[PDB]
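S.K.: So here's data.pdb, just PDB, C-alpha atoms and all ligand atoms:
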```
MODEL        1
ATOM      1  CA  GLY A   1       1.107  -7.143  17.799
ATOM      2  CA  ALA A   2       3.286  -4.019  18.237
ATOM      3  CA  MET A   3       3.638  -2.852  21.917
ATOM      4  CA  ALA A   4       2.132   0.571  21.028
ATOM      5  CA  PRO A   5       0.737   0.286  17.476
ATOM      6  CA  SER A   6       1.676   3.473  15.499
ATOM      7  CA  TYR A   7       1.578   5.138  12.067
ATOM      8  CA  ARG A   8       4.752   6.633  10.579
ATOM      9  CA  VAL A   9       5.660   8.039   7.146
ATOM     10  CA  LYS A  10       9.031   7.796   5.350
ATOM     11  CA  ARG A  11      10.112   9.427   2.043
ATOM     12  CA  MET A  12      12.181   6.617   0.508
ATOM     13  CA  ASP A  13      12.064   3.502  -1.719
ATOM     14  CA  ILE A  14       9.633   0.916  -0.150
ATOM     15  CA  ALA A  15      12.079  -1.799  -1.509
ATOM     16  CA  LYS A  16      14.493  -0.628   1.341
ATOM     17  CA  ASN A  17      11.798  -0.880   4.090
ATOM     18  CA  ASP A  18      12.607  -1.945   7.698
ATOM     19  CA  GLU A  19       9.239  -3.731   8.298
ATOM     20  CA  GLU A  20       8.289  -7.464   8.575
ATOM     21  CA  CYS A  21       6.285  -7.373   5.254
ATOM     22  CA  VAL A  22       5.545  -5.118   2.260
ATOM     23  CA  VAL A  23       2.381  -4.163   0.346
ATOM     24  CA  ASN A  24       2.927  -3.925  -3.418
ATOM     25  CA  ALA A  25       0.836  -1.430  -5.442
ATOM     26  CA  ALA A  26       0.246  -4.285  -7.950
ATOM     27  CA  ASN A  27      -1.495  -4.600 -11.317
ATOM     28  CA  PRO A  28      -4.214  -7.267 -11.681
ATOM     29  CA  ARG A  29      -2.027  -9.466 -13.979
ATOM     30  CA  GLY A  30       1.040  -9.910 -11.755
ATOM     31  CA  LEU A  31       3.212  -8.037 -14.334
ATOM     32  CA  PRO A  32       6.434  -6.198 -13.313
ATOM     33  CA  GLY A  33       4.647  -2.853 -14.061
ATOM     34  CA  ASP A  34       6.247   0.544 -13.221
ATOM     35  CA  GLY A  35       6.918   2.724 -10.169
ATOM     36  CA  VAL A  36       6.457   0.950  -6.774
ATOM     37  CA  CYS A  37       5.490  -2.297  -8.608
ATOM     38  CA  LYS A  38       8.781  -2.392 -10.658
ATOM     39  CA  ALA A  39      10.887  -1.648  -7.485
ATOM     40  CA  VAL A  40       9.063  -4.557  -5.746
ATOM     41  CA  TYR A  41       9.652  -6.814  -8.809
ATOM     42  CA  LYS A  42      13.427  -5.981  -8.745
ATOM     43  CA  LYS A  43      13.715  -6.640  -4.957
ATOM     44  CA  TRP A  44      11.352  -9.676  -4.593
ATOM     45  CA  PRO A  45      10.852 -11.205  -8.099
ATOM     46  CA  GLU A  46       9.990 -14.663  -6.641
ATOM     47  CA  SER A  47       6.834 -13.044  -5.058
ATOM     48  CA  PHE A  48       5.329 -12.616  -8.599
ATOM     49  CA  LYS A  49       4.661 -16.404  -8.957
ATOM     50  CA  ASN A  50       0.809 -16.588  -9.356
ATOM     51  CA  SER A  51       0.337 -13.055  -7.897
ATOM     52  CA  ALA A  52      -2.412 -12.065 -10.427
ATOM     53  CA  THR A  53      -5.602 -11.061  -8.512
ATOM     54  CA  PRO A  54      -8.637  -8.867  -9.318
ATOM     55  CA  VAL A  55      -9.103  -5.150  -8.576
ATOM     56  CA  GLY A  56     -10.126  -4.517  -4.949
ATOM     57  CA  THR A  57      -8.275  -7.633  -3.627
ATOM     58  CA  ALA A  58      -4.919  -8.544  -2.091
ATOM     59  CA  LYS A  59      -2.936 -11.739  -2.620
ATOM     60  CA  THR A  60       0.184 -12.627  -0.536
ATOM     61  CA  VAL A  61       3.134 -14.534  -2.042
ATOM     62  CA  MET A  62       6.269 -15.358   0.002
ATOM     63  CA  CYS A  63       9.777 -14.344  -1.144
ATOM     64  CA  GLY A  64      11.751 -16.784   1.041
ATOM     65  CA  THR A  65       9.946 -16.131   4.368
ATOM     66  CA  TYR A  66       9.323 -12.392   3.588
ATOM     67  CA  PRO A  67       5.587 -11.765   2.759
ATOM     68  CA  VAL A  68       4.708  -9.561  -0.268
ATOM     69  CA  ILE A  69       1.009  -8.545  -0.133
ATOM     70  CA  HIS A  70      -0.037  -7.699  -3.750
ATOM     71  CA  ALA A  71      -2.855  -5.099  -3.387
ATOM     72  CA  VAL A  72      -4.666  -4.079  -6.625
ATOM     73  CA  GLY A  73      -6.124  -0.547  -6.481
ATOM     74  CA  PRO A  74      -8.469   0.659  -9.259
ATOM     75  CA  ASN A  75      -7.188   2.625 -12.276
ATOM     76  CA  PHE A  76      -9.295   5.856 -12.082
ATOM     77  CA  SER A  77      -8.721   6.194 -15.889
ATOM     78  CA  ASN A  78     -11.180   3.220 -16.274
ATOM     79  CA  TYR A  79     -13.455   3.330 -13.168
ATOM     80  CA  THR A  80     -16.070   6.025 -12.362
ATOM     81  CA  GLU A  81     -15.164   8.142  -9.258
ATOM     82  CA  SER A  82     -17.909   6.199  -7.353
ATOM     83  CA  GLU A  83     -16.893   2.617  -8.340
ATOM     84  CA  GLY A  84     -13.160   3.498  -8.063
ATOM     85  CA  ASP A  85     -13.666   4.866  -4.528
ATOM     86  CA  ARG A  86     -15.462   1.568  -3.546
ATOM     87  CA  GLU A  87     -12.670  -0.663  -5.027
ATOM     88  CA  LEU A  88      -9.895   1.472  -3.401
ATOM     89  CA  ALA A  89     -11.601   1.094   0.025
ATOM     90  CA  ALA A  90     -11.997  -2.689  -0.619
ATOM     91  CA  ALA A  91      -8.293  -3.214  -1.579
ATOM     92  CA  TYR A  92      -7.193  -1.711   1.787
ATOM     93  CA  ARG A  93      -9.744  -3.879   3.734
ATOM     94  CA  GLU A  94      -8.139  -6.996   2.047
ATOM     95  CA  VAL A  95      -4.610  -5.719   3.067
ATOM     96  CA  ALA A  96      -5.788  -5.455   6.745
ATOM     97  CA  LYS A  97      -7.052  -9.132   6.596
ATOM     98  CA  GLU A  98      -3.687 -10.315   5.148
ATOM     99  CA  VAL A  99      -1.586  -8.321   7.681
ATOM    100  CA  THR A 100      -3.711  -9.855  10.490
ATOM    101  CA  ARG A 101      -3.526 -13.452   9.092
ATOM    102  CA  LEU A 102       0.315 -13.213   8.726
ATOM    103  CA  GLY A 103       0.728 -12.211  12.421
ATOM    104  CA  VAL A 104       3.386  -9.562  11.517
ATOM    105  CA  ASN A 105       4.227  -6.750  14.013
ATOM    106  CA  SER A 106       4.896  -4.211  11.180
ATOM    107  CA  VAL A 107       4.016  -3.531   7.489
ATOM    108  CA  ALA A 108       5.412  -1.152   4.796
ATOM    109  CA  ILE A 109       2.477   0.311   2.728
ATOM    110  CA  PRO A 110       2.302   2.685  -0.283
ATOM    111  CA  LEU A 111      -0.723   4.939  -1.046
ATOM    112  CA  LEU A 112      -2.743   2.834  -3.545
ATOM    113  CA  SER A 113      -4.068   4.468  -6.749
ATOM    114  CA  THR A 114      -2.040   7.771  -6.181
ATOM    115  CA  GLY A 115       0.448   7.328  -9.107
ATOM    116  CA  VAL A 116      -0.296   6.140 -12.690
ATOM    117  CA  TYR A 117      -3.713   4.718 -11.470
ATOM    118  CA  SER A 118      -4.754   8.237 -10.158
ATOM    119  CA  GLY A 119      -6.447   9.250 -13.452
ATOM    120  CA  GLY A 120      -4.353  12.489 -13.201
ATOM    121  CA  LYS A 121      -5.913  13.609  -9.808
ATOM    122  CA  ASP A 122      -4.356  14.261  -6.342
ATOM    123  CA  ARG A 123      -5.762  11.361  -4.275
ATOM    124  CA  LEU A 124      -3.456  11.664  -1.187
ATOM    125  CA  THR A 125      -6.360  12.330   1.286
ATOM    126  CA  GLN A 126      -8.753   9.856  -0.415
ATOM    127  CA  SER A 127      -6.203   6.992  -0.429
ATOM    128  CA  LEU A 128      -4.779   7.753   3.070
ATOM    129  CA  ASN A 129      -8.315   7.890   4.669
ATOM    130  CA  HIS A 130      -9.169   4.463   3.187
ATOM    131  CA  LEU A 131      -5.793   3.147   4.518
ATOM    132  CA  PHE A 132      -6.725   4.441   8.035
ATOM    133  CA  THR A 133     -10.305   2.972   7.879
ATOM    134  CA  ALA A 134      -8.849  -0.514   7.145
ATOM    135  CA  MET A 135      -5.699  -0.483   9.310
ATOM    136  CA  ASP A 136      -6.998   1.331  12.454
ATOM    137  CA  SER A 137      -8.358  -1.966  13.938
ATOM    138  CA  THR A 138      -5.003  -3.819  13.288
ATOM    139  CA  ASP A 139      -2.146  -3.812  15.860
ATOM    140  CA  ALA A 140       0.758  -3.816  13.356
ATOM    141  CA  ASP A 141       3.132  -0.760  13.231
ATOM    142  CA  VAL A 142       2.208   0.821   9.835
ATOM    143  CA  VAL A 143       4.981   2.678   7.925
ATOM    144  CA  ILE A 144       3.647   4.578   4.901
ATOM    145  CA  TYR A 145       6.189   5.122   2.042
ATOM    146  CA  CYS A 146       6.068   8.137  -0.384
ATOM    147  CA  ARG A 147       8.601   9.837  -2.772
ATOM    148  CA  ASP A 148       7.430  13.541  -2.815
ATOM    149  CA  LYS A 149       8.612  16.027  -0.074
ATOM    150  CA  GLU A 150       5.211  17.849   0.006
ATOM    151  CA  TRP A 151       3.345  14.472   0.285
ATOM    152  CA  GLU A 152       5.668  13.506   3.236
ATOM    153  CA  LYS A 153       4.657  16.738   5.085
ATOM    154  CA  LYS A 154       0.889  16.268   4.377
ATOM    155  CA  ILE A 155       0.880  12.549   5.379
ATOM    156  CA  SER A 156       2.853  13.414   8.575
ATOM    157  CA  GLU A 157       0.311  16.226   9.407
ATOM    158  CA  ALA A 158      -2.680  13.839   8.851
ATOM    159  CA  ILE A 159      -1.109  11.227  11.232
ATOM    160  CA  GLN A 160      -0.321  13.930  13.888
ATOM    161  CA  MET A 161      -3.933  15.335  13.614
ATOM    162  CA  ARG A 162      -5.369  12.098  15.165
ATOM    163  CA  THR A 163      -2.589  12.039  17.893
TER     164      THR A 163
HETATM  165 CL    CL A 201      15.581   5.813  -1.236
HETATM  166 CL    CL A 202      -0.747   3.835  -8.651
HETATM  167 CL    CL A 203       4.560  10.399  -3.289
ENDMDL
END
```
Go ahead and render the structure in this file as C-alpha cells.

M.R.:
Amino acid sequence: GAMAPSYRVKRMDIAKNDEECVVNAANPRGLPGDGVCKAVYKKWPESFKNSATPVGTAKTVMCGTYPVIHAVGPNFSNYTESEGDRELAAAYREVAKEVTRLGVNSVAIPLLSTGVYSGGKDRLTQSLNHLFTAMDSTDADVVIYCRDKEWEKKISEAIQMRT
C-alpha cells in the first residue's frame, strides 16, 4: 500500500505516467482504437495479446513486468443512460479488484467513457464519482490523467473538496 494513499490529477499523456501500472480506456475487442487506447497501444503493444473483454469488465495483460489493466467503459451512443451508468460503475469496480490483486502502490487512471464513448455529453462528474466509489477502499496512490485545462481544474477541485 501507499504510506498515505492519495488522489492526484495530471494534465498529460497517460503513456508517460510515473505509476506502477496503467488503466487503458479499452474497447471490448482489444483493438488499437483511438485517443488514450491508441497511446497505450503505441507504448505497450505487447499488452494487447488476448486483451478483449466485455463491457463493464477489466482484464490485465503484462507488458514485460508492467501491468496494463484494460477497462471497458460503455459507449453511451449504444447504451441507455441507466444501463450505461450501471456498466460504467461496474468497470471501475473491476479496476479496483485488479489494482488490489496486483499489489501495486500506485495506478495511472483515465476517466472512462468521457471521450468518444461519451455519446456527446460532459460526463466528468459521473465518471469521476464512479472512480471514487471503486477506488476509495484501495490503498494505492491514484493519479488521474486528463488532456483539457478546464477538466484539470474541475478534477483538482473535486479531489480537494473531500480533503
Ligand atoms: Cl504530454
Ligand atoms: Cl472514451
Ligand atoms: Cl480531458

S.K.: Do you know which residues are within 6 Å of ligand CL 203 (chain A) using all atoms listed in the file? Can you write them as a ChimeraX atom specification?

M.R.: /A:146-148,151

S.K.: Residues at most 7 Å from residue 37 (chain A), counting all atoms listed in the file, excluding those fewer than 5 positions away in the same chain, as number ranges by chain?

M.R.: A: 24-26, 32

S.K.: For the file shown, what are the residues hit by the PyMOL selection byres (((not hetatm)) within 12 of (chain A and resi 201)), laid out as number ranges by chain?

M.R.: A: 10-17, 36, 39, 145-148

S.K.: Give me the result of the PyMOL selection byres (((not hetatm)) within 6 of (chain A and resi 202)) on this file, residue by residue, as JSON, numbers by chain.

M.R.: {"A": [112, 113, 114, 115, 116, 117]}

S.K.: Which protein, DNA or RNA residues are at most 12 Å from (-5.5, -6.1, 11.8) in the file's coordinates when you count all atoms listed in the file, listed as a PyMOL selection string?

M.R.: chain A and resi 1-2+5+92-107+131-142

S.K.: Using only C-alpha atoms, determine which residues lie at most 8 Å from residue 9 (chain A), disregarding the query and same-chain residues fewer than 3 positions distant; provide the list as a PyMOL selection string.

M.R.: chain A and resi 143-146+152+155-156

S.K.: Could you list, with a cut-off of 7 Å and counting only C-alpha atoms, the residues of region 25-44 of chain A near region 50-64 of chain A, each shown with its nearest atom pair and the distance in Å rounded to one decimal, rows sorted by chain and ascending number, as a tab-separated table?

M.R.:
```
residue	atom	partner	partner_atom	distance
A:28	CA	A:53	CA	5.1
A:29	CA	A:52	CA	4.4
A:30	CA	A:52	CA	4.3
A:44	CA	A:63	CA	6.0
```

S.K.: Could you check how far CA of residue 130 (chain A) sits from CA of residue 150 (chain A), in Å to one decimal?

M.R.: 19.9 Å

S.K.: Using Å and a single decimal, report how far CA of residue 20 (chain A) sits from CA of residue 85 (chain A).

M.R.: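 The value is 28.4 Å.
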
S.K.: When you draw a straight line from CA of residue 18 (chain A) to CA of residue 31 (chain A), how long is it in Å?

M.R.: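 These atoms are spaced 24.7 Å apart.
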
S.K.: With the PyMOL selection byres (((chain A and resi 77) around 7) and not hetatm) as the selection, what would be picked from this file? Answer as a ChimeraX atom specification, please.

M.R.: /A:75-76,78-79,117,119

S.K.: So for region 82-99 of chain A, what box centre and size do we get, axis-aligned, 8 Å extra on each of the six sides, every listed atom, Å to one decimal, as JSON?

M.R.:
```
{"center_x": -9.7, "center_y": -2.1, "center_z": -0.3, "size_x": 32.3, "size_y": 32.5, "size_z": 32.0}
```

S.K.: Using all atoms listed in the file, find the one residue out of A:72, A:108, A:3, A:158 that sits nearest to residue 22 (chain A).

M.R.: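 Closest candidate: A:108.
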
S.K.: Rank A:123, A:27, A:110, A:7 by their smallest atom-to-atom distance to residue 162 (chain A), using all atoms listed in the file, and report the top residue only.

M.R.: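 Of A:123, A:27, A:110, A:7, the one nearest residue 162 (chain A) is A:7, counting all atoms listed in the file.
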
S.K.: Name the closest residue to residue 45 (chain A) among the candidates A:33, A:129, A:124, A:86; distances are taken between atoms, counting all atoms listed in the file.

M.R.: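 Counting all atoms listed in the file, the residue closest to residue 45 (chain A) is A:33.
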